[PDB]
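This report concerns only the one structure given below.
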């Protein structure tokens, strides 16, 4: 069964036992007079529970019923301390339910009895999933903070609610408020929980308490794509120096963005986030002024020096494919089967020559230039995880599938040599169509060439191959029908259709008008040919091509703001990708340090404004 | 280092010494009680300054602190007369800083002490640059005028501020108000400074005081593209004659637009301005009614007479290329190397003939028709400056690179004659593909043909050659992979790929479907050919061509208002370009003169309205 149909059984079987039991019936309906009388004559033993396993007070708190709920707590002393027992609802007590409803007087009544403010709700319907519409955490302080009810929030802290508790995923009360869809109404709540902070607990500040996967609530505001909470967490870390007219020289702290850490870099997590909204943190005023300083000062010359050691490499690999050891044809086997054109095979002559030694040192450059590419890509596979890394389209994208299968086919051609294999022309032709089309990677600078090469990528996955599933059928339709008409005829006159793997290939060419329409006006073609071909020229090359241009012409202004918003996030992905690699010799640390103009040990970045 | 990182050192090193010095610490924080006490026991010698070099009063004026600033001027008599000394902040006194903040009582206190209202602020952070967010000039009267604080403006004039002073660039107080982004709020200020005018200084009016590069503030309102200040400066120079119902016959002055000057023409500077907004002065009501009078009356017939002396010239140059002295082939060298087709070379026979004398007078027309083009373009290079002139796209554009390299190749062909050189067919083929494609210049009239020939120019720089950087790679990818498969084979059967400069050229043709797909069905092509060619027909001629049509199809309605706004500014550029050239015989001066209907010596233009 699906889980969606499993919980629909439980939420409806609960509604049966409320109808069956007379005590639970009056709780929902606020029948006070029954609940006074039915609790006199042996007030019912409260293991009498629903199929979920809840007491009468959980039913009385699930509905807005003050007066019936208080009469149950007077007769029964301990209903505030009982959990539910069904597996998607484990531990949800009456205090978890009264807080959710924002019921002001019922929470006051429950806390007067001493209900535990540290009860976990560990059910399978409270954890975060794409098929649960709420994620409010486990502790009841977290329930009050997410519903925007500030009066219950300050009421629980006065009774012992600890703002430093964590749920099973590790999220504290601050991690959850960033994960809420109501973005602009949690900033009022985040100011409140900092005033209740102990300021005694050394655990360093609550803003720096880590998740299980390592994210602090500052660092989680970036990954989530929360542009409102990012500015709020930055008001603590800027200093205003002077205001001279319209100018204002404010001074940002730059420590939780200038992370000098082994793998938890803030600028890595923002660009490699799967959330679409994370590409807008990169335009906020302490960050946009930073990654346009790394790029224009250092990241642009090191990416133009290194994009011409890769043109001078691929121009050293084609001139060692052209010059390759072809002897003369030492055989007369081309005279049988006059259909064959073939001539001179191969050699083993890198040694005995005057111009295969200049060719030799042009090969060992290409041999030890395809092992360096394997040493800079393979240990970068495991860090991201081999399935995110080949598909992000920003963090490299599908230019790491090409750049490895280029460097793998240079090493095969070495093993095709030194053992005297024959088909050396098969990897050399796959290397040169992939090796040059990887030089197209280095248009990630060059604002001119930049956003164009995304559109090639976006029209080869989205809009070309949905045109090609419905044309592997039309060129199987007509191509297997031209083979039938010319199966009778002679192949010496109009012999484009002589064998069935070329019946498909001549018809795929006729689709593109590359080959002309096959006609011979000195002979009688069969009459069935000119009917099937007058239908092929309307479906294939009026309609199906001129509608593919139109499909290309309207999905290009839909992606108008979206490829240009994606290019500026592809310069930031290049700058952090280089800062892992190049050694510390190159790249002094960004920002003016502060131990000589002595305030501390932090590394600052100065940005001045103009009030328009 | 960058200059941007250099000033971030200085603005932060200043903030250190404020923390270090106890006197400067209390000035920022408005600690009045410390500043009373610390100035009793040897009030500190005010060469004690920041790293910029400022006194305590500059720090007290940099913040909104009235009471601390007055206590410093009572103890120390001369802090109003001290400048800062750091090179990007030279000369900025306390009065330059109090005016910027729009502090009303502190400026009153400084002027009561006699601070100099003529102190220049000659720092390197006040000059105009694309990396300084303000340009407010140097004198403190200019600081008050730009911040929109009219009360400080009239206060400084009463104490001796001279509205006729100039800064290092030469801009007066009126030149700066036109350069401000707050356009519609300086018109209220420009009325104010004219009422304070002396009207005693012969220097003719303040509206006519020149810059260092010659621009008056009227003439600077056009170059900058300020459509609001242009109408305000024109209200002084129009006369209303009568109002007859809805009609109103107003009469414009037309003297600072009718400039009869050597090089400072108002209509030249507006069209050749690099600012984008300058193409909207040409639609204002005293100017749009002028350049549609020069064009429709005189500028249209002189541009149609002269665009048919250039068709009757290029039709006299092709019929002297067709008829050229070819003899018969006097050699049998074409019989060796039967691959050669060649035949009859050349002569020296312009003399001995009956029909090379009619050809002779058809050559001397083309010889002395390519020296006239050199005499009308070369002395026009130096006037604009050889780097603006070849790239404006309005003031001629790239039809002066063609029209000179046409007239240069007619003179080479003369030197290829008279000395008996051989390769005369090499300049004649470059002259005829450039000489006709320069007749396309004369679609700058003809509203039909007009805006079309801009779009050819805008799709040959913007959108064709960003398609060609990523296809010098695909036709180097496949073309160097077809040479590898047919390097074995014999060139007599399927020999499109026989030499590597034609392996590129057959594959560039296959991209455009011009040449058919190279196939020969009577022989066995290698099997590797039909795999590499089934990938070439999808990448090159489904995807890459049909996406170039789509790129052409969506960047054409972006430039929809923008090529038609650019054509009407290309008729105005032609009209003033002709008025330099053609002599005074042709073209009586525009507008009705006024010494016979005697008011003055000015030349007027009458325009009547209709109130809708």
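Residue numbers (UniProt numbering), protein chains in the order written: chain A, 27 to 638; chain B, 27 to 638.
In this text, a Cβ means the ideal position worked out from N, Cα and C, and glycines have one as well.
Rounded separation between residue i and residue j - CA only
i              : j              : result
residue 390(B) : residue 461(B) : 17 Å
residue 155(A) : residue 161(A) : 8 Å
residue 265(A) : residue 276(A) : 6 Å
residue 281(A) : residue 628(A) : 7 Å
residue 292(A) : residue 32(A)  : 41 Å
residue 283(B) : residue 247(B) : 12 Å
residue 419(A) : residue 602(A) : 15 Å
residue 465(B) : residue 590(A) : 39 Å
residue 517(B) : residue 523(B) : 8 Å
Proximal chain B residues relative to residue i, where beta-carbon distance stays under 8 Å
i              : result
residue 583(A) : 580
residue 425(A) : In chain order: nothing, as chain B lies at least about 13 Å away.
residue 542(A) : 542
residue 485(A) : 569, 573
Contact test: residue i Cβ vs the ligand SAH heavy atom, cutoff 8 Å
i              : result
residue 552(B) : The ligand SAH is not part of the structure shown, which contains no ligands of any sort.
Outcome for residue i when other beta-carbon atoms lying within 10 angstroms are tallied against a minimum of 16
i              : result
residue 494(A) : exposed
residue 71(A)  : exposed
residue 455(A) : buried
residue 27(A)  : exposed
residue 144(B) : exposed
residue 224(A) : exposed
residue 294(A) : buried
residue 607(A) : exposed
residue 238(A) : exposed
residue 219(A) : buried
residue 172(B) : buried
residue 549(A) : exposed
residue 334(A) : exposed
residue 17(A)  : This structure leaves residue 17(A) out entirely; chain A is present only between 27 and 638.
Element boundaries [alpha helix (DSSP H), containing residue i]
i              : result
residue 54(B)  : 48 to 54
residue 483(A) : 478 to 487
residue 503(A) : 500 to 503
residue 493(B) : No alpha helix (DSSP H) contains residue 493(B), which DSSP labels as neither H nor E.
residue 170(A) : 166 to 172
residue 593(A) : 590 to 607
Chain-ordered neighbours of residue i on chain B, where CB pairs are closer than 9 Å
i              : result
residue 323(A) : 28, 31
residue 348(A) : 506, 509, 510, 513, 526
Partner residues on chain B for residue i, Cβ-Cβ distance less than 7 Å
i              : result
residue 455(A) : 507, 510, 511, 554, 558
residue 336(A) : Ordered by position in chain B, no residue passes the 7 Å Cβ test against residue 336(A), which lies about 12 Å from the chain.
residue 327(A) : Result: empty, since nearest Cβ-Cβ is about 13 Å, beyond 7 Å.
residue 272(A) : 160
Interface residues of chain A facing residue i [CB-CB closer than 7 Å]
i              : result
residue 76(B)  : Neighbours of residue 76(B) on chain A: none; closest Cβ ~11 Å, over 7 Å.
residue 495(B) : 475
residue 41(B)  : 267
residue 161(B) : Ordered by position in chain A, no residue passes the 7 Å Cβ test against residue 161(B), which lies about 12 Å from the chain.
residue 34(B)  : 618, 632
residue 88(B)  : 268, 270
Interface residues of chain A facing residue i [CB-CB closer than 9 Å]
i              : result
residue 514(B) : 352, 355, 367, 368, 369, 370, 371, 451
Extent of the continuous beta strand (DSSP E) run through residue i
i              : result
residue 632(A) : 629 to 636
residue 274(A) : 273 to 278
Within chain A, partners of residue i - CB distance below 8 Å
i             : result
residue 38(B) : 267, 277, 618, 623, 630, 632
| said: Restricting to runs no shorter than 4 residues, where is the alpha helix (DSSP H) found entirely within the region 127 to 152 of chain B? | reply: 130 to 138
| task | Could you pull out every unbroken alpha helix (DSSP H) segment of at least 4 residues lying fully inside the region 318 to 360 of chain B, listed in chain order? | result | 328 to 331, 337 to 343
| task | Would you mind listing the alpha helix (DSSP H) stretches within the UniProt repeat "ANK 6" (239 to 268) of chain A that are 4+ residues and don't spill past its ends, in chain order? | result | 243 to 249, 253 to 258
| Could you give the uninterrupted runs of the alpha helix (DSSP H) lying entirely in the region 415 to 487 of chain B, keeping only those of 4 residues or more? | 428 to 442, 451 to 461, 478 to 487
| request: Kindly provide the ranges of any alpha helix (DSSP H) runs that are 4 or more residues long and lie completely inside the region 369 to 398 of chain A, ordered along the chain. | output: 390 to 393
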